[PDB]
Amino acid sequence: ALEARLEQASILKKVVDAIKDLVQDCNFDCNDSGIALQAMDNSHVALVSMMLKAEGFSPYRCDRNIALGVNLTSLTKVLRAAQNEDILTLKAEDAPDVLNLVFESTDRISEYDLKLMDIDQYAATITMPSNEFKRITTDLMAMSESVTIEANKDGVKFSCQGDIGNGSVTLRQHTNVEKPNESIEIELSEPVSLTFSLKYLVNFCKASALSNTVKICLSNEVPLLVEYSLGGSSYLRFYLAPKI
Amino acid sequence: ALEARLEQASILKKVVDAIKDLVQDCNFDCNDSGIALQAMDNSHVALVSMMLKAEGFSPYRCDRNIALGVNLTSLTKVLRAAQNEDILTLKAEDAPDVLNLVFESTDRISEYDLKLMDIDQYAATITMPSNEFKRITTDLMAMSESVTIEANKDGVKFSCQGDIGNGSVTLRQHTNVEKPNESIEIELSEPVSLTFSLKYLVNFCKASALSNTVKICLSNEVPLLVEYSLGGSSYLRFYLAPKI
Amino acid sequence: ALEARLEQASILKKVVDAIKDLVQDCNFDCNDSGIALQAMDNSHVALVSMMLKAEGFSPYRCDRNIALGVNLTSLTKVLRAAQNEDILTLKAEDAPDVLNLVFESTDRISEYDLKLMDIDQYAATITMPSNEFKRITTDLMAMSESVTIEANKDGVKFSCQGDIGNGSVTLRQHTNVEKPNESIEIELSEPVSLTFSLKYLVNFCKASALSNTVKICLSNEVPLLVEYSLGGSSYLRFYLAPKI
């Protein structure tokens, strides 16, 4: 019914790793389109939204719509047995009791049957290196619980205040021709100034292994979106409402 | 009386490291033949058997038979002062109160006198990379307390079952010409299927630093033997009875 | 009033790192000459003495004498936001309430205002690799609380005794032409034999990141001095009285 092959297991390892600290139990929703996940975190503050599109697999088949009820601690114990370069295959039958995972290298075949659970179901956009976003959130987290994010045409300022004093980091808008991976770009219709939990943003930044660039999407009316491309139109997205 | 020189200290560092988690107090039995160790682990389940043959030293002299009563926590504190490439020399007199260790580089000489203690004294054979054996035992240990090992002419299957579901890893028999280090070989007189404690096998796999290949020797009547070559006919061997 | 620019932040990161385990609250005393620190450790046993000379900066300006009352846990939280190769600038006004730190790369500017506190104010010399000094102190610390340091024209012996037995490490005097970094040199007027706390010497050795050579200055009348050059005549010095 479901049969989905990744040429490399890396992507699914990294996704689950990026998410297991926020989400324990979730559903992997599989259809014609690919494999999606929508989950609030354990404290019901951050939204997690993932899509692996069918074109990300080679091949991808999902006859019928299948929700795979999965504990991500359980799932991590199985994916650790997968090497990054292992061919990974997911197999499932209709209303499955288990999900079947196979890892193929060196004439080695690993096969796991994971027991499934019953689980109930912008004003400014910043494109920058994900490592840089991770380093800033991590650094300011040592100083403050909260960070203020100011965007305008010219650059982005992350600012905070704590016991020991206060800190800012300012990244000016910059197209890097020789190394585009390093560019700071700011598509923006209106300057914005919004305050957020660093704890959640640092959790979001665990996903910097997936993409060397991150999209930070700011609105005065809807949650912050932090977004990592998984290839083509596949994505891992995090939503966090500003502190009001 | 005893005087034994290793051109490099690496081997003795790695041996003790491979063993200290199972054995605290043991005897290093020295004679004409070299330096042996036979010890049950602390829970009296696994047998440890080591031999460093006299030809492993340059030179080796042992006039009289000498049992060196040694705590391997104590001994580790001294061997950590030895660099891998240091010339290492053991010296002992008859019925010794101490063992004398010297480490020589860079015009540096380290000398230790360790206080000795009074210490009371196959159907199928698998040759494979030790790292691979370590990765499989480690991975299945996250899933299960026990692993079933099935050998036949064609390959080896390690299987297990736990809370989250069950897992298998299958390695087919394969002679690797370009990189022989990677080959899976199965000298076998009779297919065998035996269940063992993963906890002990993972402990045994600490020794994968000593040899890039490991020998897994299965019998329906005698304990499993896990075996690592230390050069020539020198060996570190582990014995573990199947779960019945 | 104070404005001091380091071409690289590395040195100030390493200094604070080398010191934070001994000293919590200290004064950075700034004048015409540069930036000094004198502090007993928390147990009032070891003296810490640092000088960054004005020529170490590019540029250095200190109109008026300024004591910067600083918690080094607080200061570490801010310096972690500085990359090793970041241009670092310290700014302060007269009787300052805060110290202003700026880190400049990649069109990135980080700026921190740290709240300041109200803080109340040889017979033989050994030149050797600092890594070697660190490896010996660390190794003997596993064995003993105390180390005896014997120097003479010919070499240096570090010796100790504990529960498990005793250990020595002997480094002979040696000029290394091809790699001078590795030489052992002993300017000496009188052989000396002195016993010291390993715990403190291992703390001192955290500073081996600053200099690949260390100066060990022994007197029968005044404290041991352990000394690391920070470039030119800039220094980090540690003083420790022998066990009597």
# chains A, B, ... in the order shown; residues from 1 in each chain; ligands from 1
>>> interface_residues(of="chain A", to="chain B", cutoff="9 Å", atoms="only C-alpha atoms", output="PyMOL selection string")
chain A and resi 74-75+77-78+80-81+98+103+106-116
>>> write_last_selection(atoms="N, CA and C atoms", output="tab-separated table (two decimals), in the first residue's frame")
chain	number	residue	atom	x	y	z
A	74	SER	N	11.08	6.02	20.00
A	74	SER	CA	11.03	4.70	19.33
A	74	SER	C	11.65	4.82	17.94
A	75	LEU	N	11.16	5.74	17.12
A	75	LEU	CA	11.57	5.84	15.69
A	75	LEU	C	13.08	6.13	15.58
A	77	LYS	N	15.41	5.24	17.72
A	77	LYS	CA	16.14	4.00	18.09
A	77	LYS	C	16.35	3.16	16.82
A	78	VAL	N	15.44	3.25	15.85
A	78	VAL	CA	15.49	2.43	14.61
A	78	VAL	C	16.31	3.13	13.53
A	80	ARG	N	18.76	5.24	13.95
A	80	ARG	CA	20.19	5.19	14.37
A	80	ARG	C	20.86	3.96	13.75
A	81	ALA	N	20.09	2.92	13.42
A	81	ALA	CA	20.62	1.69	12.78
A	81	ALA	C	20.80	1.93	11.28
A	98	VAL	N	2.05	-2.08	12.09
A	98	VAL	CA	3.51	-1.76	12.10
A	98	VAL	C	3.84	-0.97	10.83
A	103	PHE	N	17.03	-0.85	5.54
A	103	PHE	CA	18.30	-0.10	5.27
A	103	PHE	C	19.28	-1.02	4.54
A	106	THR	N	27.73	-2.80	0.55
A	106	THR	CA	28.52	-3.73	1.41
A	106	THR	C	27.71	-4.98	1.79
A	107	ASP	N	26.68	-5.35	1.01
A	107	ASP	CA	25.93	-6.63	1.10
A	107	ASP	C	25.34	-6.77	2.52
A	108	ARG	N	24.88	-5.65	3.10
A	108	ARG	CA	24.20	-5.59	4.42
A	108	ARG	C	22.75	-5.16	4.23
A	109	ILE	N	21.80	-5.89	4.83
A	109	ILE	CA	20.35	-5.55	4.83
A	109	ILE	C	19.85	-5.55	6.26
A	110	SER	N	19.40	-4.39	6.74
A	110	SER	CA	18.76	-4.19	8.06
A	110	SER	C	17.26	-4.03	7.83
A	111	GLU	N	16.44	-4.69	8.65
A	111	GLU	CA	14.96	-4.66	8.50
A	111	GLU	C	14.33	-4.51	9.88
A	112	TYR	N	13.46	-3.50	10.02
A	112	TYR	CA	12.78	-3.16	11.28
A	112	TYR	C	11.29	-3.06	11.03
A	113	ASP	N	10.52	-3.60	11.96
A	113	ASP	CA	9.05	-3.49	12.01
A	113	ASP	C	8.74	-2.71	13.29
A	114	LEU	N	8.34	-1.45	13.16
A	114	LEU	CA	8.06	-0.57	14.32
A	114	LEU	C	6.57	-0.64	14.65
A	115	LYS	N	6.21	-1.02	15.88
A	115	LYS	CA	4.79	-1.00	16.35
A	115	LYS	C	4.28	0.43	16.29
A	116	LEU	N	3.17	0.65	15.57
A	116	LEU	CA	2.51	1.98	15.46
A	116	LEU	C	1.55	2.14	16.65
>>> select_by_dssp(residues="segment 12-210 of chain B", states="strand (DSSP E or B)", output="ChimeraX atom specification")
/B:25-31,34-40,47-53,60-62,66-71,87-92,98-104,108-115,124-129,146-152,155-161,165-172,174,184-188,192-197
>>> residues_around(residues="residue 90 of chain A", least_positions_apart="2", cutoff="9 Å", atoms="only C-alpha atoms", output="list in words")
residues 2, 3, 4, 5, 6, 88, 92, 99, 100, 101 and 102 of chain A
>>> atom_distance(atom1="atom CA of residue 131 of chain C", atom2="atom CA of residue 149 of chain C")
17.1 Å
>>> residues_around(residues="segment 31-38 of chain A", least_positions_apart="3", cutoff="12 Å", atoms="only C-alpha atoms", output="PyMOL selection string")
chain A and resi 1-5+12+15-16+19+23+25-28+41+46-70+90+94+120-121+233-239
>>> write_last_selection(atoms="N, CA and C atoms", output="compact mmCIF listing (two decimals), in the first residue's frame")
# COMPACT_ATOMS: atom_id res chain seq x y z
N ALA A 1 0.87 -1.25 0.00
CA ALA A 1 0.00 0.00 0.00
C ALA A 1 0.88 1.26 0.00
N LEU A 2 1.65 1.49 1.06
CA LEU A 2 2.72 2.52 1.06
C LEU A 2 4.03 1.82 0.74
N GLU A 3 4.80 2.36 -0.20
CA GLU A 3 6.20 1.93 -0.43
C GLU A 3 6.98 3.13 -0.95
N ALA A 4 7.93 3.60 -0.15
CA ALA A 4 8.63 4.88 -0.35
C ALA A 4 10.12 4.66 -0.12
N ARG A 5 10.93 4.92 -1.14
CA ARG A 5 12.39 4.67 -1.16
C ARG A 5 13.12 6.02 -1.24
N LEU A 12 15.77 11.73 6.36
CA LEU A 12 14.73 11.30 7.32
C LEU A 12 15.33 11.23 8.72
N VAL A 15 15.55 15.02 9.80
CA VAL A 15 14.19 15.53 10.08
C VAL A 15 13.76 15.09 11.49
N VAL A 16 13.79 13.79 11.75
CA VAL A 16 13.32 13.23 13.04
C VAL A 16 14.17 13.82 14.17
N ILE A 19 13.19 17.31 15.26
CA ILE A 19 11.77 17.36 15.72
C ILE A 19 11.58 16.64 17.06
N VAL A 23 8.37 17.22 19.74
CA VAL A 23 7.22 16.30 19.50
C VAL A 23 7.64 14.90 19.95
N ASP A 25 4.87 11.94 20.33
CA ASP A 25 3.90 11.19 19.50
C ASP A 25 3.37 12.12 18.41
N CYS A 26 3.41 11.65 17.16
CA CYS A 26 2.82 12.33 15.98
C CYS A 26 2.28 11.30 14.99
N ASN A 27 1.59 11.78 13.95
CA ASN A 27 1.14 11.00 12.77
C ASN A 27 1.99 11.43 11.57
N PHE A 28 2.59 10.46 10.88
CA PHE A 28 3.08 10.63 9.49
C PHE A 28 1.90 10.33 8.55
N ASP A 41 3.95 21.09 19.68
CA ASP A 41 4.95 20.58 20.64
C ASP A 41 4.23 20.24 21.95
N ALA A 46 4.55 25.73 19.95
CA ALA A 46 5.15 25.71 18.60
C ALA A 46 4.38 24.70 17.74
N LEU A 47 4.14 25.05 16.48
CA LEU A 47 3.56 24.14 15.48
C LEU A 47 4.72 23.57 14.66
N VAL A 48 4.71 22.26 14.43
CA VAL A 48 5.67 21.61 13.49
C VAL A 48 4.88 21.17 12.26
N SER A 49 5.42 21.48 11.08
CA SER A 49 4.80 21.18 9.77
C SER A 49 5.89 20.69 8.83
N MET A 50 5.82 19.42 8.41
CA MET A 50 6.78 18.82 7.45
C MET A 50 6.04 18.20 6.26
N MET A 51 6.70 18.26 5.10
CA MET A 51 6.27 17.57 3.87
C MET A 51 7.52 17.04 3.19
N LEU A 52 7.57 15.73 2.98
CA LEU A 52 8.44 15.07 1.98
C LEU A 52 7.58 14.74 0.76
N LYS A 53 7.80 15.48 -0.32
CA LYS A 53 7.04 15.32 -1.59
C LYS A 53 7.46 14.00 -2.26
N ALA A 54 6.53 13.37 -2.97
CA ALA A 54 6.68 12.07 -3.67
C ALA A 54 7.91 12.08 -4.57
N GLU A 55 8.22 13.21 -5.23
CA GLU A 55 9.41 13.35 -6.12
C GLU A 55 10.73 13.24 -5.32
N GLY A 56 10.68 13.37 -3.99
CA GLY A 56 11.84 13.21 -3.09
C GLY A 56 12.26 11.76 -2.98
N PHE A 57 11.32 10.85 -3.25
CA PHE A 57 11.50 9.38 -3.29
C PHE A 57 11.77 8.93 -4.73
N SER A 58 12.28 7.71 -4.87
CA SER A 58 12.69 7.08 -6.16
C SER A 58 12.69 5.56 -5.99
N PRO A 59 11.51 4.88 -6.03
CA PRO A 59 10.22 5.53 -6.28
C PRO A 59 9.36 5.82 -5.03
N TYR A 60 8.19 6.44 -5.25
CA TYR A 60 7.13 6.68 -4.23
C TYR A 60 5.80 6.10 -4.70
N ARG A 61 5.19 5.25 -3.88
CA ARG A 61 3.84 4.68 -4.11
C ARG A 61 3.05 4.74 -2.80
N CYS A 62 1.86 5.34 -2.85
CA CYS A 62 0.89 5.32 -1.73
C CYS A 62 -0.52 5.23 -2.32
N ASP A 63 -0.94 3.99 -2.55
CA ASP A 63 -2.29 3.60 -3.04
C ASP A 63 -3.34 4.36 -2.24
N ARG A 64 -3.37 4.11 -0.92
CA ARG A 64 -4.38 4.62 0.04
C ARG A 64 -3.74 5.57 1.05
N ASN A 65 -4.54 6.50 1.57
CA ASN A 65 -4.19 7.46 2.64
C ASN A 65 -3.96 6.72 3.96
N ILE A 66 -2.79 6.92 4.56
CA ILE A 66 -2.32 6.12 5.74
C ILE A 66 -1.68 7.09 6.73
N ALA A 67 -2.19 7.11 7.97
CA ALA A 67 -1.66 7.89 9.10
C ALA A 67 -0.81 6.93 9.94
N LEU A 68 0.50 7.16 10.02
CA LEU A 68 1.42 6.28 10.78
C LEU A 68 1.62 6.90 12.17
N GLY A 69 0.92 6.38 13.18
CA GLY A 69 1.07 6.79 14.59
C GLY A 69 2.41 6.33 15.15
N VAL A 70 3.29 7.28 15.46
CA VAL A 70 4.73 7.03 15.75
C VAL A 70 5.18 7.84 16.96
N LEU A 90 10.39 2.66 3.24
CA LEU A 90 9.23 2.53 4.15
C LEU A 90 8.17 1.69 3.43
N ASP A 94 -2.68 -1.21 4.58
CA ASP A 94 -3.86 -0.40 4.99
C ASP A 94 -4.11 -0.59 6.49
N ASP A 120 -4.40 10.56 17.95
CA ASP A 120 -5.37 11.62 17.54
C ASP A 120 -4.66 12.67 16.68
N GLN A 121 -5.31 13.16 15.62
CA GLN A 121 -4.68 14.02 14.56
C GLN A 121 -4.60 15.47 15.02
N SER A 233 10.40 21.24 -3.54
CA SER A 233 9.35 21.91 -2.72
C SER A 233 9.06 21.14 -1.42
N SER A 234 9.89 20.16 -1.04
CA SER A 234 9.84 19.53 0.30
C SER A 234 10.29 20.56 1.34
N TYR A 235 9.73 20.55 2.55
CA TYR A 235 9.99 21.58 3.59
C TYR A 235 9.85 20.98 4.99
N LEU A 236 10.57 21.57 5.95
CA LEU A 236 10.28 21.50 7.41
C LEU A 236 10.05 22.93 7.90
N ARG A 237 8.86 23.22 8.45
CA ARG A 237 8.45 24.58 8.89
C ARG A 237 8.12 24.57 10.37
N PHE A 238 8.49 25.65 11.06
CA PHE A 238 8.16 25.86 12.48
C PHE A 238 7.42 27.18 12.60
N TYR A 239 6.36 27.19 13.40
CA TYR A 239 5.52 28.37 13.64
C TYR A 239 5.58 28.69 15.13
